[PDB]
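Colleague: Got a structure for you, written out below as structure tokens; questions coming shortly.
There are 2 protein chains.
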Amino acid sequence: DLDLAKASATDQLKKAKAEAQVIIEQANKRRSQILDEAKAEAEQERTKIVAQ
Amino acid sequence: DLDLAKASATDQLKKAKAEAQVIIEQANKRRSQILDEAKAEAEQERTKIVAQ
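Note that the protein sequences, when read in sequence, are chains E and G. If you count by my numbering, then the first sequence holds residues 1 to 52, one letter each, in order. If you count by my numbering, then the second sequence holds residues 1 to 52, one letter each, in order.
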């Protein structure tokens, strides 16, 4: 157990670390989607408003 | 050691999920800023062509 307390503790920590950051990797991908779309639709609405 | 490694490791992901929510909320709020800017400027554009 005094070996476990490192061998498995560090792995729990590492796995939690990697997942804690790749959650945010996916979330960054999502905000890329959102701030693409924010312009993509706004320009179409511009081209409607000034055709009106 | 094993219990504290479990604890501190597992709290990481609970923490990071809230920051994924931070990113998605910021995404949508700046998106609203995008749209609510483009709308008003397209309004002034149409008004300019109208006065012309």
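Note that beta-carbon positions come from the ideal geometry of N, C-alpha and C, so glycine has one too.
Nearest to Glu41 (chain E) by CA position, among G:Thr10, G:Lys15, G:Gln26, G:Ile34, is which residue?
Modeller: The residue given as residue 41 (chain E) occupies position 41 in the first sequence. Among G:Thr10, G:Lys15, G:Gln26, G:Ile34, the Cα nearest to that of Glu41 (chain E) is on G:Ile34.
Colleague: Can you say whether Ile49 (chain G) is buried or exposed, counting buried as having 16 or more other CB atoms within 10 angstroms of its CB?
Modeller: Position 49 of the second sequence, counting from 1, holds the residue named residue 49 (chain G). Classification for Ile49 (chain G): exposed.
Colleague: Taking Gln12 (chain G) as the reference, give the member of E:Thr10, E:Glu19, E:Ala7 with the closest Cα.
Modeller: Against the second sequence, residue 12 (chain G) aligns to sequence position 12. The residue with the shortest Cα to Cα distance from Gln12 (chain G) is E:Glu19.
Colleague: Chain E beta carbons: is any one of them nearer than 9 angstroms to that of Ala51 (chain G)?
Modeller: If you number the second sequence from 1, residue 51 (chain G) lands on position 51. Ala51 (chain G) does not count as touching chain E.
Colleague: Could you check how far apart the C-beta atoms of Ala38 (chain G) and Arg46 (chain E) are, in whole angstroms? I think they sit under 8 angstroms.
Modeller: Reading the second sequence from its first residue, position 38 is the one you call residue 38 (chain G). Reading the first sequence from its first residue, position 46 is the one you call residue 46 (chain E). Indeed they touch by this definition, with Cβ atoms about 5 angstroms apart.
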